[PDB]
Amino acid sequence: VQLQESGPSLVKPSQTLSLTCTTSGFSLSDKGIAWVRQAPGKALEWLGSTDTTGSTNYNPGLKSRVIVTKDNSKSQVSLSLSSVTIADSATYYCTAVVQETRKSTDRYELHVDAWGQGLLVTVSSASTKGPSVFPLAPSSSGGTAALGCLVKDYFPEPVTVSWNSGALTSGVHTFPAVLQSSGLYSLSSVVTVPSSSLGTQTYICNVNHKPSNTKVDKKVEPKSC
Amino acid sequence: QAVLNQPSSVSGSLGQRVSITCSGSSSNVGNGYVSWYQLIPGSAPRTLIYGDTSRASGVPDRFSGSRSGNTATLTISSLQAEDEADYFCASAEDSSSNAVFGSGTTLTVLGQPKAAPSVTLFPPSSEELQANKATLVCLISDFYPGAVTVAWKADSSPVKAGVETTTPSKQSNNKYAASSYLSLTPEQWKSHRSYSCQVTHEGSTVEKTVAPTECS
């Protein structure tokens with residue numbers, strides 16, 4: 001029931017991309033696990049599974065670059081993708097698959113039963129850079145006020161933003177990032193709250209940029225002047 | 001990588017029926033056991049159909065699959081707003097350990113009400129200005145259809161330099177969001193009486209204005 005991907009968000013060209021899928025809620029020894037990736041706006045691409053059948057290289061690009069293994073002692077399935085290029089930038093999904101030969105003429109049965117959330121991997125030589133975080137103060141509206149946090153000039157994706165350590169979820173809207181000509185990303189998260197609460201409620205945005213081990217807690221408050 | 005052939009886009013109106021095709025050779029689609037997946041932005045892909053015609057657990061009956069030779073079809077009846085998504089087919093090829101996916105078909109559901117964008121505009125923070133930088137942040141939400149154009153004004157004059165605007169993206173309520181950032185020097189920011197972010201949607205322009213005299 002759980003397929004948790006982990007691994008680096010950034011890898012340099014010519015290096016090996018190593019991801020891990022930690023499974024839970026079923027017997028790993030008795031289920032196929034496969035890696036599927038998707039580049040933005042492109043077709044899903046099969047990488048490999050824990051159970052290979054036949055004997056052919058049905059993909060010149062992935063010809064002998066993929067290794068998938070199972071570590072039953074850790075309930076983990078690994079992916080190794082060697083000699084990466086920028087073309088290997090994509091979201092990588094851990095999946096649970098059904099693989100059968102049904103037959104008499106052999107017909108091949110393969111479908112994904114469950115999908116992980118996916119892990120974004122950027123292939124680039126650029127160094128990681130943590131964001132600068134700035135408060136977006138609520139101004140002077142139907143009884144509600146909008147406050148937010150600007151998460152400026154980071155690389156690579158992704159960034160996560162929570163409010164009040166996860167206690168505040170209603171009215172939160174985190175916007176997809178813009179990509180600037182500098183190659184750095186910026187995004188904003190806004191929370192809509194009752195105007196009356198501004199004098200009795202503290203609002204803190206929790207920004208986490210894993211690739212740079214950057215964690216910032218920024219208090220957002222009305223400003224006077 | 002081999003790819004199965006799908007139309008780039010399909011459309012159907014609310015309450016009506018739409019068909020999405022998946023075409024391949026006798027060695028993939030022609031072997032049967034085509035599967036279908038629904039990709040909604042921000043969510044994990046969802047399996048809808050496997051084995052040509054079998055519905056995955058949790059999938060209502062108005063999602064149905066069929067196959068005629070080397071073309072398989074996903075049919076969605078009683079279309080609703082939440083059906084807007086990208087739909088991908090798949091099948092094994094030559095072995096049960098090798099899958100080929102389609103290129104994906106984006107479904108637009110017609111007949112939905114137009115929704116005008118809501119705009120929130122933030123001036124540069126005092127912290128950023130202290131860092132000798134200035135960013136105006138224009139946040140645009142709750143619009144449908146998913147296309148806007150953004151224009152920035154300094155007082156009443158157009159600003160072209162320093163503007164970066166995102167593509168529109170689906171929210172969780174079937175509407176779209178976007179953001180636009182104007183980068184200025186602190187000197188430029190303070191040298192004007194106001195800046196405006198003007199968002200045009202389906203021929204109607206909504207705006208917000210900020211001024212350097214406001215507290216931030």
Side-chain angles (χ1 to χ4, degrees), chain A residues 9 38-44 89-91 93 115 117-122 131 136 146 148-152 154-162 169 171-180 184-192 207 209, chain B residues 8-9 11 37-46 80-88 104-110 112-122 135 137-151 163-182 197 199-202 206:
Chain A
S9 304
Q38 184 185 36
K42 307 310 297 166
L44 292 157
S89 293
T91 297
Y93 293 98
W115 295 80
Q117 294 295 305
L119 186 146
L120 186 69
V121 175
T122 297
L136 303 173
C149 275
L150 167 62
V151 183
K152 184 188 185 189
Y154 64 92
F155 180 85
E157 292 267 52
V159 139
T160 49
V161 185
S162 63
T169 54
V172 172
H173 187 171
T174 296
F175 286 75
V178 74
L179 175 59
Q180 306 204 301
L184 303 179
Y185 297 91
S186 294
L187 69 69
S188 297
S189 180
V190 175
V191 60
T192 300
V207 181
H209 185 237
Chain B
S8 296
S9 63
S11 285
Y37 308 95
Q38 181 193 60
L39 274 67
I40 295 172
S43 301
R46 178 181 188 193
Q80 62 187 73
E82 289 77 16
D83 296 328
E84 290 207 343
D86 205 343
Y87 294 84
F88 291 82
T105 300
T106 300
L107 171 60
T108 298
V109 175
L110 305 165
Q112 294 189 78
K114 176 171 68 181
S118 182
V119 179
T120 297
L121 176 56
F122 289 104
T135 307
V137 179
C138 189
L139 306 172
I140 313 164
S141 54
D142 291 331
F143 58 94
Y144 187 95
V148 295
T149 60
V150 181
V163 174
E164 293 283 13
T165 300
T166 68
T167 59
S169 63
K170 274 278 194 172
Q171 306 174 163
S172 57
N173 66 348
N174 303 315
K175 297 176 182 178
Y176 283 83
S179 52
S180 188
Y181 295 82
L182 174 57
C197 175
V199 184
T200 302
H201 180 252
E202 301 275 74
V206 163

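Note: hydrogens, waters and symmetry copies are ignored here, and every other heavy atom, side chains too, is used. Order of the sequence lines sets the chain letters (A, B, ...), proteins ahead of strands, with each chain counted from 1.
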(message) Working to the nearest 0.5 angstrom, can you tell me the gap between A/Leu187 CG and A/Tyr185 OH?
(response) 11.5 Å
(message) Has B/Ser118 got a side-chain atom pairing as donor or acceptor with B/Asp142's backbone, closer than 3.5 angstrom?
(response) no
(message) Tell me every residue that passes side-chain hydrogen bond (donor to acceptor under 3.5 Å, both in side chains) with A/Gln180, counting only those two or more places apart in sequence or in another chain.
(response) none
(request) For B/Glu84, check salt bridge (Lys or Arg N to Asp or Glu O under 4.0 Å) against everything at least two apart and list the hits. (result) B/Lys170
(request) Go through the structure and list residues passing side chain to side chain contact (heavy atoms under 4.5 Å, CB included) with A/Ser89, not counting sequence neighbours. (result) A/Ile86, A/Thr122, A/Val123
(request) Heavy atoms only: give me the nearest B/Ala178-B/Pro168 pair and the separation to one decimal. (result) CB-CA, 4.3 Å
(request) Determine the minimum heavy-atom distance between B/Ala81 and B/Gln112, stating which atoms define it. (result) CB-OE1, 3.0 Å
(request) For B/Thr165, enumerate each residue passing the side-chain hydrogen bond (donor to acceptor under 3.5 Å, both in side chains) test, keeping only those at least two apart in sequence or located in another chain. (result) B/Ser180
(message) For a 4.5 angstrom cut-off between non-hydrogen side-chain atoms, does A/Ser188 reach A/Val151?
(response) no
(message) Quick one, B/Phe143 and B/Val148 - any side-chain contact, counting heavy atoms below 4.5 Å?
(response) yes
(request) Return the set of residues passing side chain to side chain contact (heavy atoms under 4.5 Å, CB included) with B/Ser43 (not counting sequence neighbours), or none when no residue passes. (result) B/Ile40
(message) Are A/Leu119 and A/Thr91 packed together at the side-chain level, in the sense that at least one heavy-atom pair is separated by less than 4.5 angstrom?
(response) no
(request) Locate the shortest heavy-atom distance separating B/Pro117 from B/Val199; write the atom from each residue and the value. (result) CG-CG1, 4.0 Å
(message) Could you walk me through whether A/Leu184 and A/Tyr154 satisfy the side-chain contact (heavy atoms from CB on, under 4.5 Å) test, starting with their C-alpha distance in whole Å, then the side-chain angles of each, then the deciding distance to 0.1 Å, before giving a yes or no?
(response) CA-CA 5 Å; A/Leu184 303 179; A/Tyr154 64 92; over 6 Å; no
(request) Using salt bridge (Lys or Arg N to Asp or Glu O under 4.0 Å) as the criterion, list what pairs up with B/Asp86, not counting sequence neighbours. (result) none
(message) Could you work out, with ring-ring contact (aromatic ring centres under 6.0 Å, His included) as the rule, every residue matching A/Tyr93, not counting sequence neighbours?
(response) A/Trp115
(message) Measuring from atom OG of B/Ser141 to atom CZ of A/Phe175, what distance do you get when rounded to the nearest 0.5 angstrom?
(response) 5.0 Å
(request) Taking ring-ring contact (aromatic ring centres under 6.0 Å, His included) as the test, write out the residues that go with B/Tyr87, two or more places apart. (result) none
(message) Could you work out, with side chain to side chain contact (heavy atoms under 4.5 Å, CB included) as the rule, every residue matching B/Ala115, not counting sequence neighbours?
(response) B/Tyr144, B/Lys175
(request) Return the set of residues passing side-chain hydrogen bond (donor to acceptor under 3.5 Å, both in side chains) with A/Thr174 (not counting sequence neighbours), or none when no residue passes. (result) A/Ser189
(message) With a 4.5 Å cut-off on side-chain heavy atoms, are B/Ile140 and B/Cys138 touching?
(response) yes
(message) Within the 4.5 Å heavy-atom criterion, are B/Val137 and B/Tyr181 side-chain neighbours or not?
(response) yes
(request) Tell me, please, which residues at least two apart from A/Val190 pass side chain to side chain contact (heavy atoms under 4.5 Å, CB included). (result) A/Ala146, B/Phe122, B/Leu139
(request) Quick one: list whatever passes side-chain hydrogen bond (donor to acceptor under 3.5 Å, both in side chains) with A/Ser186, sequence neighbours left out. (result) none
(request) Answer yes or no: is there a donor N or O on one side and an acceptor on the other, between the side chain of A/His173 and the main chain of B/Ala177, under 3.5 Å? (result) no
(message) Quick one, B/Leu107 and B/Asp83 - any side-chain contact, counting heavy atoms below 4.5 Å?
(response) yes
(request) Indicate yes or no: at least one non-hydrogen side-chain atom of A/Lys152 is less than 4.5 angstrom from one of B/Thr135. (result) yes
(message) A side-chain contact here means heavy atoms from C-beta on lying under 4.5 Å apart; do A/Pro156 and A/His209 qualify?
(response) yes
